[PDB]
Each structure stands twice: as C-alpha cells, then as structure tokens.
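Asker: Next up is a structure, given as structure tokens.
For neighbour counting, all protein chains shown are included, and Cβ atoms are generated from backbone atoms with ideal geometry for every residue, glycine included. Only the coordinates and a few stated rules stand behind these numbers; no lab work does.
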Protein chains: 2
Amino acid sequence: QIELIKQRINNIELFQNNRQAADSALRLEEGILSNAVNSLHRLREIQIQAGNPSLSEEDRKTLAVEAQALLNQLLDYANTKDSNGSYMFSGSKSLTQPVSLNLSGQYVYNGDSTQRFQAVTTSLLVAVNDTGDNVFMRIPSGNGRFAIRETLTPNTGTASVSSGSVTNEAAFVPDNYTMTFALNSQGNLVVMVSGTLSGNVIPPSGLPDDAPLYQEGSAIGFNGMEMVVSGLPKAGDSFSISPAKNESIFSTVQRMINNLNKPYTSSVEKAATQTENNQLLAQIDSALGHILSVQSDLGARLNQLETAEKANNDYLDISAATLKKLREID
Amino acid sequence: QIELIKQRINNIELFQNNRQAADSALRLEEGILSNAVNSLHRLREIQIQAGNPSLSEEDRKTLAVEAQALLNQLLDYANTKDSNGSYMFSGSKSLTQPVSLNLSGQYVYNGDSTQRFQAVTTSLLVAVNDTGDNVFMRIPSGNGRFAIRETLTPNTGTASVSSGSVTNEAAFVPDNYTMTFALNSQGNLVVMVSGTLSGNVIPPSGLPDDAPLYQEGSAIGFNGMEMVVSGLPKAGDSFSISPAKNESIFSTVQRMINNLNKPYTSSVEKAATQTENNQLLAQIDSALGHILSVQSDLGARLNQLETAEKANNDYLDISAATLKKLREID
C-alpha cells in the first residue's frame, strides 16, 4: 500500500519528466519544420518565375544560384542536431547524419524509420520525433499520382503539358504511357496514347485515322486521367507518362536548378522548360503539403501532452489524498 | 602490365559474379512485388463491392475476413527472406524483420532506407534491393494530395464525398479545411468551407447568406481543389479535408476491414461508408501505382545488367587479345 504509492509517485515523476522533455523536443522540431516551410515557400515563388517567359537567361541563372542556397538550407535542416548533439531526423540511429550525397550523385537517407515512444501517463505513449524518410525523402513526384517527362526523343515542336490529375478513380489504370503526336492520312495533327500494359488506349485500334485530333489547350483524357497540351507540336514529338515515384525534396530542388540553367532564348527551348516547370510546381506543393501534415501530426501530439500535464496533476492530487487518508489510520 | 591484366581479369570475375547475383536477387524480388500486386488487385475488387449498396451485411462481413487474409498475405511478402535467410526489404539491417505491429496498434518499419549498390562493370554501380519504407510504408493517403474524413461530429444526413483532385496547381493551398453544411436566412441548405490558416474561403465573409447553395452531385471548388457531394445532408453535418499523409498499405487494408464491418442496413449508415469507400479506393490505387513504379525501376536495372553482361565479355575479349599480342613479344 504505502510502498505501492511511494512507487506510484516515483512513476509519476518519470511520466512528468518524460512529458516536459517531449513537449520540448517537439517544439524545437516544430521550428525546424517551420523554417523548412519558409524555404519551400520561396522555392515556390522561384519556380513560378521559372515559368515566366519575361525573364532573361541572366535572371534565371541567378535564381539557379539562389535555389542552390535553398537546397543547402534544407540539407542543414534535415541534418539538424537536437539538444544532445544527436540528429533529430535520423530515427533510432542517433549519431548517424541522416541525409548525405553519394558519389552516385543522388541524395540518400542513412537513418531508419524508428520513433521513440514515451510514457507520459500510465497508458499513453507519445512519439517524440519524426524520421527523415518520412519528412524529406518519400514524396510522390508529378501531381502526386502521375508524372510527365520528355522521351529520349527531343521534341522539335512547342508542345507543353499540364500536371493534370486523376478525375475518375474507378477508371484509373496505373501504366507507363507514351503520348505520340502524328499525322492523319488527311494531314491533320493527331494525338495518340498507348502503354506497356494497356496496348493502345487512344485510340484502341492504334490507327492514326481512327484518332482524336489535337485542339490546342484541350483536355486529353484516358484511363481515369486528364491533362492539357499547349503550343504547336510537330509529328513525332512525344511525352512519357508514368506512375508517381517516391522522390526527395532534395532532388526536386536539384531539378529546379537543372531547369533554370537550360537554354531559354528561342521559343522551342522555352517549351521544353514548361512541361517540367508544371511538374516541379506540383512537387514543391506536394512537399509543402506533406510537411504541413507532419506539422499537423506534431500539433496533435502536443495537444495529447497538454492533456497529460492536467491528468498527472490529477493522479498526484489523488495520491496525496490517499496518503493524508492513510496516515490518519495511524 | 601482365600483373596488371592478371588483376583486371580478377576484377572482371568479380564484376560478372556481382552481376549474376544481382540479376538473380532482382528477379526474385520482381516476383514478390508481382505477387503483391495480385493481392492488391483483389483488394481493389473487394473495395469496389464495399461501395455497392446491393450487398447484405453478411456478404460484407465475409469480405472483411478475406481482406484480413490479404493483409496477412502482404505482411508475409513484406517480411520475405531472400536466398540467405536475410530479409529482402529491410535495407542494410539484414536480420531484422522489416514490418511488425507494436501494441500501440499501428504497423511500423524496423529496417532502414539503405540500398546495397554493386560494381557490375568498371564504372557502373546497380542497386540490388529496395527497402520497405519505400515499397510498403510511405504512400500518400486520400487521392494523393488531400484526404477526407468525417469530423468528431457524426453526420445526421446522407451526404458523401468523392476523392476529388487538384485541378489548378498554382491556385493550390495546403491547409486543414472544414466543410460545414448549414442554413440560409431563407431556409436553403448551403455549403461553407474554412480552414485553420485560410480563415474562411467559401465564402470569404463566412456569412451564410453570402454563401453558395448545395446542388446535389455538384462540383465544389476552392484553393485549387475540386470535389463532389452526393446525397442529402442536414445542417451541421461536416467533413474535414487535409493534406495527404504518409500511410502504409497495411493500415489502408486495416481500414477497408474496419469499414466493411460498419453498420450497413439503413440509408444513413450507408452514406457514412461511401465517403471513406471513395478514399480507400484511391489508396489501393495509389499503392497499385506506387508498386508498379518500383517494378519499372527494377526493370530499368535489369536492362542496365543485360547491358553489363555484353560489356564485360567485350572487356575480356579485349584483355585476352592484349595477352595474345603481349605473349607474342616473347
């Protein structure tokens, strides 16, 4: 009884200590994530100009260098140390730097996915960290469901493509699609789509003459997806369309830099920019959003903690009274 | 010279050995991923019926049990051992089981994100594995960009919501949104949306009387997003709309099971199913797609390898001739 309460109060001090420390690690983490949104908000301002055809090559190659500063900024945030001199986003691997760049050239994650849960009342565990694989690395490319790149065949025309979206989830079919512009037996430009698993979808016959013709800025739709083609392509120009792929914010920014550095003087060079600009905007956003969800998650936990601070002072105010009412037996 | 070629040929045997072994680990892995698509294809058949209002409660509670077998199937695939008796999807942590279920109740990943790259020519490294955090755990919820749940306020009416999509990437704003149905001063039902960061968006004033009215099966749009509301809600009914969040296939299936087990007899119970059915279909798909991208990645690597088998027999056919032409000096 009394040795039991003694050990209950010993439990409570630990539960309050664990809470105080959780509350703090998490608020430190809110501020790093908060910083990292700042960086992305600006990367988004930047990406939007990269799609503005006013800007001189000089203006853009200068944004390229700002984007390089922002990339470096985000690597510092991902590799932040918390109160101990151990990394906040590395998971259980406390002294391994979470994000680095192999000589392969891609950025990798050297942590794990393991969260420390902590007792902060008798039956509530709360996570006191997040991990880099969740926060920074796995974010889908494209519009979140499908991505659009050029093929190995550079395009000769001025065609560009929106990020588009899935409009009918039931009609949706994941596949590797190829969109090929070519000719009617009449002479009209026409739009074809086929795919590894699906064979021909537009049109099912694959015949140019059974094919829909290309209206500038018109919505092309197949297997649950819609997108819009702008500019004037030439026959043989092609785009590839593929399931979304996990891809770090880091390579997203590496990519905004590669793009700001492309030739951007002739109308033909400027359209090979746009298709990819539209994509990179979606990715910057996907990532803005993804981090906000990590922030929302973190908020919920803090509200679980401010819950626990009232509930541990309730469970002590009660143990104190069990002592007063038990010492009265004496 | 000759001791140099001797050591080149020693390098080549290792490059060919590394390739042979890579080619094999990857094809074993294609087949597990291939199996895992099979499981999801069926989970998708299942999810679609779960939204069919023909089915008896008995039919559905039976699919619930099939879905439980499929979940278990996918855990076996995630926890597969390759040729050694070490786990294929655990990363560098070869003898840690990758996916398990804490008593918290959620499924976690106990591996890391680290790929073994292997020399298979003089200047080509190829990855011979993938990791569970990429393959199974981080897949965005909802339609890939935003998700839709009920609030803590159960709904009294028969309203349901599509998975919707982002239609204008530039207008897009990640936020925590609340959609609230309520009354005109006239008496007409009306649709409101506001959000933590955005304050009121529909309408900006927040006044019911400045508000758009609710047309059944009509497209509601705000900050770059569109969605469609079906059924007849009552005032006060609400839905929540939130950035996408990483979430394992596993909890997606756990969720299809919870849903198949909900009350599904009265029209009012059947509409609290649909909103979430639509979501779960998107997630099953997001995951079908995500795995296909891991498969496409794996294919590319095999094509890098069948490249290396011709290039290592070219670099030996050349070293043999350097020996023939060097032993002739003698």
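Asker: Among A:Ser165, A:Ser100, which comes first, second and so on when ranked by fewest other beta-carbon atoms within 10 Å? The partial results should precede the final answer.
Answerer: Values: A:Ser165 26, A:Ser100 13.
In order of increasing Cβ crowding within 10 Å: A:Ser100, A:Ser165.
Asker: Something else now. Could you give each residue of region A:149-163 its phi-based ³J(HN,Hα) in whole Hz, using Karplus coefficients 6.51, -1.76, 1.60 with θ = phi - 60°, and x for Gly or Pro?
Answerer: So the J values, rounded to whole Hz, are 10, 6, 7, 4, 5, x, 8, 9, x, 10, 6, 9, 10, 5, 6.
Asker: Between region A:184-263 and region A:1-75, what's the alpha-carbon centroid distance in Å?
Answerer: 36
Asker: Counting other beta carbons within 10 Å of each residue's own, what order do A:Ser293, A:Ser198, A:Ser163 fall into, fewest first?
Answerer: Fewest-to-most ranking of A:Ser293, A:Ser198, A:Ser163: A:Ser198, A:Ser293, A:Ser163.
Asker: Hey, another quick one. With +1 on each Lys and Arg Cβ and -1 on each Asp and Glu Cβ, how big is the dipole of chain B about its Cα centre, in debye rounded to the nearest 20?
Answerer: In debye, rounded to 20, chain B gives about 520.
Asker: For chain A, what is the calculated [θ] at 222 nm in deg cm²/dmol (nearest 500), taking -39500 (n - 2.57) for each run of four or more DSSP H residues and dividing by its residue count?
Answerer: Using -39500 (n - 2.57) per qualifying helix, the result is -15500 deg cm²/dmol.
Asker: Then there is this: Amide H of A:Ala147 versus every other amide H placed in the peptide plane: which residues, excluding those fewer than 5 positions away on the same chain, fall under 5 Å?
Answerer: It is A:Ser242, A:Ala244, by chain and number.
Asker: Quick one: 3J(HN,Hα) in Hz for region A:195-200, Karplus 6.51/-1.76/1.60 with θ = phi - 60°, rounded, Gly and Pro as x.
Answerer: Whole-Hz 3J(HN,Hα) from phi for region A:195-200: x, 3, 7, 9, x, 7.
Asker: Just grab the label-to-label distance for B:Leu55 and A:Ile32, each label 7 Å out from Cα along the Cβ direction, in nm (one decimal).
Answerer: The two pseudo-label positions are separated by 4.4 nm.
Asker: Which of the pairs B:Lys61/B:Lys245; A:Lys6/A:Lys325; A:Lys93/B:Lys93; A:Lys93/B:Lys245; B:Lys6/B:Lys324; A:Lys81/B:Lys245 have their Cα atoms more than 20 Å apart in this structure?
Answerer: Exceeds cut-off: B:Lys61/B:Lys245; A:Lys93/B:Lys245; A:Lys81/B:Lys245.
Asker: With θ set to phi - 60°, apply the Karplus curve 6.51 cos²θ - 1.76 cosθ + 1.60 along region B:126-133 and write out the HN-Hα couplings as whole Hz, x wherever there is a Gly or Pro.
Answerer: For region B:126-133, the Karplus curve yields 9, 7, 9, 7, 10, 10, x, 5 Hz.
Asker: What gaps in nm, shortest first, separate A:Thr265 from its twins in the other copies when you place the label 7 Å past Cα toward the beta carbon?
Answerer: 7.7
Asker: Kindly state, to the nearest 0.05, the FRET efficiency for A:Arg301 paired with B:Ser92, given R0 = 35 Å and r defined as their beta-carbon distance.
Answerer: Result of the calculation: an efficiency of 0.75.
Asker: Can you give me the long-range amide H partners of B:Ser165? Hydrogens built in the peptide plane at 1.01 Å from N, cutoff under 5 Å, separation of 5 or more residues or another chain.
Answerer: Those lying under 5 Å, H to H, from B:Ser165 are B:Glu226.
Asker: To the nearest 0.05, how large is the calculated FRET efficiency for B:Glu269 and B:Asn10 if R₀ is 60 Å and r is the Cβ-Cβ distance?
Answerer: 0.25
Asker: Return the whole-Å distance between the Cα centroid of region A:115-156 and the Cα centroid of region B:100-179.
Answerer: Centre-to-centre (Cα) distance: 7 Å.
Asker: Distances from A:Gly299 to the same position in the other copies: list them in nm, one decimal, shortest first, using label points 7 Å from Cα along Cα→Cβ.
Answerer: Ordered by distance, the counterparts are at 4.2 nm.
Asker: On to the next question. In nm to one decimal, list the spacings between the A:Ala170 label point and its equivalents in the other copies, with label points set 7 Å along Cα to Cβ, shortest first.
Answerer: Result for A:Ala170, in nm, nearest copy first: 3.4.
Asker: For A:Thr122 and B:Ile48, what is the calculated FRET efficiency with R₀ set at 60 Å and r taken between the beta-carbons, to the nearest 0.05?
Answerer: My answer for the efficiency is 0.85.
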